[PDB]
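The structure appears right after this line, and notes come after that.
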Amino acid sequence: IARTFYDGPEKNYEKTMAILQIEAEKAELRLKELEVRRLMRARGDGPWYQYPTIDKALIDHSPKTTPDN
Amino acid sequence: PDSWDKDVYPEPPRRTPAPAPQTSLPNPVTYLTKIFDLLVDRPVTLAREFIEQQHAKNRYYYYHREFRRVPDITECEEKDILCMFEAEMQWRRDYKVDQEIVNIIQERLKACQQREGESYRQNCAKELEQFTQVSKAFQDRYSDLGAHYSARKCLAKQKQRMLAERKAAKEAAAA
Ligand SMILES: CCCCCCCCCCCCCCCCC[C@@H](O)O[C@H](CO[C@H](O)CCCCCCCCCCCCCCC)COP(=O)(O)OCC[N+](C)(C)C
């Protein structure tokens, strides 16, 4: 029965090791992403949560019929 | 027989007295046991001899599996999942082996109680003492961990006991 239907314990052991490594890395990445989201939304100094401002290319830099703009 | 180790499961030298007939009457037990021998023990012996002859023509082996020692839970970092996994498996194997040790000791105790008959209260003192020691050690190691036990909870229990013992020793030193 063992020879026909089942493998040795090492296969399940090392597959468990691989699964545990993947899951632990995913958990750490989730916590890191939450912290990064919090910091980026608080400071606004990252790529995320960038809200539009007025384009400076819309300004007319011409004499304006009055010396003081 | 040679199937089991006689030091792990010891027995006394088995002193039995010789028959001392005091009556001219015959012994029905001896006559009945001769009949039982000739009528039961011989055909069974022949069947076993045939079966063993068949077995000897096909001799193959199986082996006891060997496990090396991996680092314990004490040498594992807090979130290192792989080392914790290996240590937890080793701890569970050790727990099973300890249970079997207790089982062996209990078997010795029960066998001695049956063997000694009316003198068991005095003649089983050593087995009772061995069981007391093993039971105390096992209870210290594993009791009250509850369901969902692990190596970490066992380590926490041992640390708590060590702290209590160190405090008691230092307080007795100040006496
Ligand atoms: C001989 C008498 C004394 C001993 C009797 C023992 C009784 C055993 C027979 C009963 C069957 C046991 C249940 C089957 C469960 C096994 C399913 C699965 O786990 O096994 C697969 C194996 O597949 C097998 O083909 C299972 C087939 C069993 C299906 C049962 C069908 C019976 C139906 C009855 C039909 C009879 C006639 C019908 C007339 C209409 C594994 O696939 P694999 O990926 O390789 O695994 C790798 C492991 N290796 C490396 C060891 C190979």
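As shown in the structure tokens, the chain order sets the letters A, B, ...; within each chain, residues go from 1, and ligands are also counted from 1 in the order they appear.
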List every residue of segment 29-83 of chain B that has an atom at most 10 Å from any atom of segment 2-22 of chain A, and for each one report the closest atom pair and its distance in Å to one decimal, counting only C-alpha atoms, with rows sorted by chain and then by increasing residue number, as a Markdown table.
```
| residue | atom | partner | partner_atom | distance |
| --- | --- | --- | --- | --- |
| B:80 | CA | A:21 | CA | 9.1 |
| B:81 | CA | A:20 | CA | 6.7 |
| B:82 | CA | A:17 | CA | 6.2 |
| B:83 | CA | A:17 | CA | 9.5 |
```
Run DSSP on the backbone of this structure and report the residues of chain A it assigns to alpha helix (DSSP H), as a tab-separated table (two decimals) with N, CA, C and O atoms, in the first residue's frame.
```tsv
chain	number	residue	atom	x	y	z
A	2	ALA	N	1.91	1.26	0.84
A	2	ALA	CA	2.81	2.41	0.89
A	2	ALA	C	3.53	2.61	-0.44
A	2	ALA	O	3.67	3.74	-0.91
A	3	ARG	N	3.98	1.51	-1.06
A	3	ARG	CA	4.71	1.62	-2.31
A	3	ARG	C	3.80	2.05	-3.46
A	3	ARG	O	4.26	2.72	-4.39
A	4	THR	N	2.53	1.68	-3.42
A	4	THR	CA	1.63	1.92	-4.54
A	4	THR	C	0.90	3.26	-4.46
A	4	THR	O	0.70	3.91	-5.49
A	5	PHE	N	0.50	3.69	-3.26
A	5	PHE	CA	-0.39	4.84	-3.15
A	5	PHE	C	0.22	6.07	-2.50
A	5	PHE	O	-0.38	7.14	-2.59
A	9	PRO	N	7.85	10.53	3.79
A	9	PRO	CA	7.56	11.73	4.60
A	9	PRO	C	8.34	12.97	4.19
A	9	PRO	O	7.88	14.08	4.48
A	10	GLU	N	9.49	12.81	3.53
A	10	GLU	CA	10.30	13.97	3.18
A	10	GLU	C	9.58	14.90	2.20
A	10	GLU	O	9.74	16.12	2.29
A	11	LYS	N	8.81	14.33	1.28
A	11	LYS	CA	8.08	15.15	0.31
A	11	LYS	C	7.11	16.09	1.02
A	11	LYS	O	7.12	17.30	0.78
A	12	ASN	N	6.27	15.55	1.90
A	12	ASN	CA	5.31	16.38	2.63
A	12	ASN	C	6.03	17.36	3.55
A	12	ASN	O	5.62	18.52	3.66
A	13	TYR	N	7.11	16.91	4.20
A	13	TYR	CA	7.88	17.78	5.08
A	13	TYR	C	8.40	19.02	4.34
A	13	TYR	O	8.18	20.16	4.77
A	14	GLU	N	9.07	18.81	3.21
A	14	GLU	CA	9.68	19.92	2.50
A	14	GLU	C	8.65	20.76	1.75
A	14	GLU	O	8.83	21.98	1.61
A	15	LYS	N	7.55	20.15	1.28
A	15	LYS	CA	6.46	20.94	0.73
A	15	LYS	C	5.85	21.85	1.79
A	15	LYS	O	5.51	23.00	1.51
A	16	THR	N	5.72	21.35	3.02
A	16	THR	CA	5.26	22.18	4.12
A	16	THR	C	6.22	23.34	4.36
A	16	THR	O	5.79	24.47	4.60
A	17	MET	N	7.52	23.07	4.31
A	17	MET	CA	8.50	24.15	4.47
A	17	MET	C	8.31	25.23	3.41
A	17	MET	O	8.30	26.43	3.73
A	18	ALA	N	8.15	24.83	2.15
A	18	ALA	CA	7.96	25.80	1.08
A	18	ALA	C	6.68	26.61	1.27
A	18	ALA	O	6.67	27.84	1.10
A	19	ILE	N	5.59	25.93	1.64
A	19	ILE	CA	4.31	26.61	1.85
A	19	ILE	C	4.42	27.62	2.98
A	19	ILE	O	3.94	28.76	2.87
A	20	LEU	N	5.07	27.23	4.08
A	20	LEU	CA	5.23	28.13	5.22
A	20	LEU	C	6.06	29.34	4.85
A	20	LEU	O	5.74	30.47	5.26
A	21	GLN	N	7.13	29.15	4.08
A	21	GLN	CA	7.94	30.28	3.65
A	21	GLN	C	7.12	31.26	2.82
A	21	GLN	O	7.16	32.48	3.05
A	22	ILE	N	6.35	30.74	1.86
A	22	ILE	CA	5.54	31.61	1.01
A	22	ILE	C	4.54	32.40	1.85
A	22	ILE	O	4.38	33.62	1.68
A	23	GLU	N	3.86	31.72	2.77
A	23	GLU	CA	2.81	32.37	3.54
A	23	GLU	C	3.38	33.42	4.50
A	23	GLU	O	2.80	34.50	4.66
A	24	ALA	N	4.52	33.12	5.13
A	24	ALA	CA	5.15	34.10	6.01
A	24	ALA	C	5.60	35.33	5.24
A	24	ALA	O	5.43	36.47	5.71
A	25	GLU	N	6.17	35.13	4.05
A	25	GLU	CA	6.58	36.27	3.24
A	25	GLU	C	5.37	37.12	2.84
A	25	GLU	O	5.43	38.35	2.86
A	26	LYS	N	4.26	36.47	2.49
A	26	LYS	CA	3.06	37.21	2.13
A	26	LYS	C	2.54	38.03	3.31
A	26	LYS	O	2.11	39.18	3.14
A	27	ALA	N	2.55	37.45	4.52
A	27	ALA	CA	2.08	38.19	5.69
A	27	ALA	C	2.96	39.41	5.96
A	27	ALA	O	2.44	40.51	6.24
A	28	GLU	N	4.28	39.24	5.88
A	28	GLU	CA	5.17	40.38	6.08
A	28	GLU	C	4.94	41.46	5.04
A	28	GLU	O	4.93	42.65	5.35
A	29	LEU	N	4.73	41.05	3.78
A	29	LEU	CA	4.49	42.02	2.72
A	29	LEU	C	3.18	42.77	2.95
A	29	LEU	O	3.09	43.98	2.67
A	30	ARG	N	2.15	42.09	3.44
A	30	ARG	CA	0.88	42.76	3.73
A	30	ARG	C	1.05	43.82	4.81
A	30	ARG	O	0.56	44.95	4.68
A	31	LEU	N	1.76	43.47	5.89
A	31	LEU	CA	1.98	44.45	6.96
A	31	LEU	C	2.80	45.64	6.45
A	31	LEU	O	2.49	46.80	6.76
A	32	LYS	N	3.83	45.36	5.64
A	32	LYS	CA	4.65	46.44	5.09
A	32	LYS	C	3.83	47.35	4.19
A	32	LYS	O	4.00	48.57	4.22
A	33	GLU	N	2.95	46.77	3.37
A	33	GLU	CA	2.13	47.59	2.48
A	33	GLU	C	1.18	48.47	3.27
A	33	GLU	O	0.95	49.63	2.90
A	34	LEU	N	0.60	47.94	4.35
A	34	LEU	CA	-0.27	48.78	5.17
A	34	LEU	C	0.50	49.95	5.77
A	34	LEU	O	0.01	51.09	5.77
A	35	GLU	N	1.70	49.69	6.29
A	35	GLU	CA	2.49	50.78	6.86
A	35	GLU	C	2.87	51.82	5.81
A	35	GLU	O	2.81	53.03	6.06
A	36	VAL	N	3.25	51.37	4.61
A	36	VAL	CA	3.62	52.29	3.54
A	36	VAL	C	2.42	53.12	3.12
A	36	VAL	O	2.54	54.33	2.87
A	37	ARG	N	1.24	52.50	3.04
A	37	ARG	CA	0.03	53.25	2.71
A	37	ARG	C	-0.24	54.34	3.74
A	37	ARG	O	-0.55	55.48	3.37
A	38	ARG	N	-0.12	54.00	5.02
A	38	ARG	CA	-0.35	55.00	6.07
A	38	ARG	C	0.61	56.17	5.93
A	38	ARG	O	0.20	57.34	5.94
A	39	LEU	N	1.91	55.88	5.76
A	39	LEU	CA	2.89	56.95	5.67
A	39	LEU	C	2.68	57.81	4.43
A	39	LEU	O	2.77	59.04	4.49
A	40	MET	N	2.39	57.18	3.29
A	40	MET	CA	2.20	57.92	2.05
A	40	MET	C	0.96	58.81	2.11
A	40	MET	O	0.98	59.94	1.61
A	41	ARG	N	-0.12	58.32	2.71
A	41	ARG	CA	-1.30	59.16	2.84
A	41	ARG	C	-1.10	60.28	3.85
A	41	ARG	O	-1.69	61.35	3.71
A	42	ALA	N	-0.27	60.05	4.87
A	42	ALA	CA	-0.04	61.10	5.86
A	42	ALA	C	0.84	62.21	5.31
A	42	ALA	O	0.57	63.39	5.53
A	43	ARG	N	1.91	61.86	4.60
A	43	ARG	CA	2.88	62.85	4.16
A	43	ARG	C	2.65	63.37	2.75
A	43	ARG	O	2.95	64.53	2.47
```
Original post:
Between B:48, B:34, B:79, B:69, which one has atoms that come closest to chain A, using only C-alpha atoms?
Top reply: B:79
Original post:
Pick the closest to residue 128 of chain B from B:96, B:115, B:108, B:57: which is it, counting only C-alpha atoms?
Top reply: B:108
**OP:** With a distance cut-off of 10 Å and only C-alpha atoms, select the neighbouring residues of segment 101-103 of chain B, excluding the residue or stretch itself and same-chain residues fewer than 3 positions from it, and output the selection as a PyMOL selection string.
**Re:** chain B and resi 95-98+106-109+130-131+134-135+137-138
